[PDB]
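Order of the sequence lines sets the chain letters (A, B, ...), proteins ahead of strands, with each chain counted from 1. For the numbers below, each heavy atom of this structure counts, side chains included, while hydrogens, waters and symmetry mates do not.
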Amino acid sequence: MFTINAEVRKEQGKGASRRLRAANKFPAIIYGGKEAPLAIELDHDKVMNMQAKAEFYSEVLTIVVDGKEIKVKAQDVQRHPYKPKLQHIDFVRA
Amino acid sequence: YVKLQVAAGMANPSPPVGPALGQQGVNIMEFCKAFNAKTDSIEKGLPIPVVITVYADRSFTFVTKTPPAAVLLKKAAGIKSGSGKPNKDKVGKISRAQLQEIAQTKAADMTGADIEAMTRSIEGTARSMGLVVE
Amino acid sequence: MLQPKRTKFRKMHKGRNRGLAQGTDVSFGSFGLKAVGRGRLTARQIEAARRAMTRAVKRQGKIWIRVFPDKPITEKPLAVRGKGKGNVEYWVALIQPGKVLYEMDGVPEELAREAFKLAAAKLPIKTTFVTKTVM
Amino acid sequence: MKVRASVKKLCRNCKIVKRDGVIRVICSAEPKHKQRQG
Amino acid sequence: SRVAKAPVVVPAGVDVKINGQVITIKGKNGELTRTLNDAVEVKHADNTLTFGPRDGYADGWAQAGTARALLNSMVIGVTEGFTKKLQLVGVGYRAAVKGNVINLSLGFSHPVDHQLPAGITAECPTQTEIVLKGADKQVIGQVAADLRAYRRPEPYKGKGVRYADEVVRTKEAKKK
RNA sequence: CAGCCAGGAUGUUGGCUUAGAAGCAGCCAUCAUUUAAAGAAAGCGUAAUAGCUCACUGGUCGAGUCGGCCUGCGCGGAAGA
RNA sequence: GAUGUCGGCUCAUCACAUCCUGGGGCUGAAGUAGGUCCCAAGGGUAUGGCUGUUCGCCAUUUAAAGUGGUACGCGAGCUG
Ligand SMILES: [K+]
Ligand SMILES: [K+]
Ligand SMILES: [K+]
Ligand SMILES: [K+]
Ligand SMILES: [K+]
Ligand SMILES: [K+]
Ligand SMILES: [K+]
Ligand SMILES: [K+]
Ligand SMILES: [K+]
Ligand SMILES: [K+]
Ligand SMILES: [Mg+2]
Ligand SMILES: [Mg+2]
Ligand SMILES: [Mg+2]
Ligand SMILES: [Mg+2]
Ligand SMILES: [Mg+2]
Ligand SMILES: [Mg+2]
Ligand SMILES: [Mg+2]
Ligand SMILES: [Mg+2]
Ligand SMILES: [Mg+2]
Ligand SMILES: [Mg+2]
Ligand SMILES: [Mg+2]
Ligand SMILES: [Mg+2]
Ligand SMILES: [Mg+2]
Ligand SMILES: [Mg+2]
Ligand SMILES: [Mg+2]
Ligand SMILES: [Mg+2]
Ligand SMILES: [Mg+2]
Ligand SMILES: [Mg+2]
Ligand SMILES: [Zn+2]
């Protein structure tokens, strides 16, 4: 039942990623299968609240990007070194 | 008002009974005459603490109390001593017949709907002393 | 008081202490005390905090120390002017933000929080209470 | 009166109050618990 | 806020007069006037005063709550008044009222003469009791506090001047 | 939520110990109970009981209330010729 | 191409982290007498024996015999 709304990233790299996290979003990547990887931006507060549930890391999530729905599983998460924040997430296509 | 566990047969020994109720204001002689007539039919050596509703000028009248339960458990056990920590060492488990005989003492002065419930209250002190049922 | 049983060399350059820590996850227990600041932790401090923690939990559960004082620190004695490096006097662990310093298991979370607060009161660096995460 | 940098409730009857820019602890049950930050 | 919400009823025989911020209350027990804080708007309405905040004031609701409490105390004061009772505890401690001066003997080498304010009266039923009466709650509280201050109750025998409804905790002198 | 109103009883002064320990020095059992409800009891207090009252259960009162997280600016911590 | 030293004497001036005196909170504060903390710098704050001493010990006082800064105040003021 986990649904996450995402945007396609229009800029990549250190500066753009830091600007995202200063604007209270964070970057993430969807890869796997035969499709090309998709780099996305997520809303930090909503996703941070969702990932508190243990089922976030075991269930099949749905990421809505540009209207299309993609079934994924959380694969890796980079956390802030000491704040309760998220830096990045890997999603693998399910 | 100084209260102590008064004996039923002995009247006016200075240490244990003098300040028990003779110093309260109760006529100790008349109390240990009327309650003594009661304890003449009561069994030998049963300390039964009644609730005192008395005066201070040699006038008295008393209410009755149920005879206790913890005194009568050590008869068939053969030991007149207690354990520092029960459920580890016991004075010898006793019979449900003796436990029900003890419960018979506190059966005629209760308002419970079902009388079978209070079989656990009597064994509360049984477990607190070392008398575990079979 | 932790200190290496033996070392290749007696004395070490001062160096510096930049960067973020490695070892930022509760890896052995369920709860952790994590550094938020940057600094040095002396062996005496590590041991004072360990004592405080352990007495708070009444020696129940399990406690891990994730840091070890492997850097020797020299001092020059009083009233000395050069003339070679001073003498090793104590040992420290370098701490960067994010470093999990202690972990606990086998106790309730409230008790772990209390024990860790008592411990953090012995340390020269700001810290925060963390819990194990599944990923 | 205790005068400390750290003033805290010491029992369920202690109350924190700020008077004239000063944090104080006032206790209905125990005079030993009276504190003022300073 | 919640205190300011509740309006205060004006009983029959009590006349209120609102002139901007100045409020005057007249009753069978006396006349009391108060200048309200500038953040408070008070409406007479229909035999019931209501209190609210004026626009542009950050503490308007707090000021309105205090204004409501004060006006309610004013109404009670002009209708039924306020009474305070003090007791003297200790051998030789005595009180007596003459006109509007309370004479206290409290173990000092000099007598105590306390002059009452304009609108406070005192009676001494017994030699160890003082009863104050007045229309101003704050004033009667101040007078009672001043009388108690001469000999505040002490913690080993409770001796001194105490409020009648005051719990005076005692303690025993340290052993040895 | 806060406020105000009622009870906290039966075994039982549980047992040990002590000159006495009674819920309230300490130690072990720490479970029932009628029931709307009561921890063999939170301190105070008694030489010790009595007493005090918390936990504990609701009756009124009619709109918000509680405390964690992050974050901006401020407060105390702050004594010298 | 010189900024005279330790101690004493004479004369001081400031700070307050207060020795006395003033005001207060807590006390394991009965009283008398103390302990500890807060406020407070107005004024006050030993003479002798020993030693070059500062210091210190000792005798005997006092409400008390404060702690520091001032080129470890002060030798174009004295001593030496
Ligand atoms: K809410
Ligand atoms: K000076
Ligand atoms: K003084
Ligand atoms: K004092
Ligand atoms: K002065
Ligand atoms: K010397
Ligand atoms: K000089
Ligand atoms: K000279
Ligand atoms: K000169
Ligand atoms: K000269
Ligand atoms: Mg750059
Ligand atoms: Mg380098
Ligand atoms: Mg490194
Ligand atoms: Mg003031
Ligand atoms: Mg600051
Ligand atoms: Mg300031
Ligand atoms: Mg020259
Ligand atoms: Mg000062
Ligand atoms: Mg004084
Ligand atoms: Mg001066
Ligand atoms: Mg001045
Ligand atoms: Mg003057
Ligand atoms: Mg001579
Ligand atoms: Mg000489
Ligand atoms: Mg000099
Ligand atoms: Mg000087
Ligand atoms: Mg000169
Ligand atoms: Mg010479
Ligand atoms: Zn308190």
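- Under 4.0 angstrom from either OP1 or OP2 of F:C69 there lies no side-chain N or O belonging to A:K85.
- Nucleotide G:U13 is matched to G:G69 when pairs are restricted to Watson-Crick or G-U wobble geometry with both distances under 3.5 angstrom.
- Residue D:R12 is classed as having no contact, given no heavy-atom separation below 4.0 Å to the nucleic acid.
- E:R68 and E:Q63 are not linked by any side-chain donor-acceptor pair at a separation below 3.5 angstrom, with hydrogens and angles left out of the test.
- A 3.5 Å limit on both hydrogen-bonding distances identifies no Watson-Crick or G-U partner for G:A63.
- In this entry F:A40 has no Watson-Crick or G-U wobble partner, no candidate having both defining distances under 3.5 Å.
- Regarding contacts with the backbone of F:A29, every side-chain N or O of B:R127 stays at 4.0 angstrom or more from both OP1 and OP2.
- Although no hydrogens or angles enter the test, the distance criterion places a donor-acceptor pair under 3.5 Å between the side chain of E:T79 and the main chain of E:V75.
- Between E:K174 and G:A29, a side-chain N or O to OP1/OP2 separation shorter than 4.0 Å is present.
- Computed from coordinates, the D:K2 NZ to G:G24 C1' distance equals 16 Å when rounded to whole Å.
- Two residues, E:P155 and D:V3, neighbour RNA chain G, and the one matched to the more 5' nucleotide by heavy-atom proximity is E:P155.
- Each of B:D114 and A:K83 has a nearest nucleotide on RNA chain F; the 5'-most of these lies closest to B:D114.
- In this entry the distance linking CZ of D:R36 with P of G:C26 reads 15 Å, nearest Å.
- As judged by a 4.0 angstrom heavy-atom cut-off over every strand, B:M129 is placed among residues touching the sugar-phosphate backbone only.
- In terms of polar N and O atoms assigned as donor or acceptor, the side chain of B:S128 comes within less than 3.5 Å of the base of F:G14 in a complementary pairing.
- For C:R113 and C:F31, the positive end is not near the middle of the six-membered ring at less than 6.0 Å and at most 45° from its axis.
- At a cut-off of 3.5 angstrom, the base of G:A30 holds no donor-acceptor pair with the side chain of E:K157.
- Using a 4.0 Å heavy-atom criterion, one finds that B:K3 contacts the bases of the nucleic acid, with or without backbone contacts as well.
- Between the base of F:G76 and the side chain of D:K18 there is no donor-acceptor pair shorter than 3.5 Å.
- Side chains of C:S30 and C:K132: a donor-acceptor N/O pair is absent below 3.5 angstrom, by distance only.
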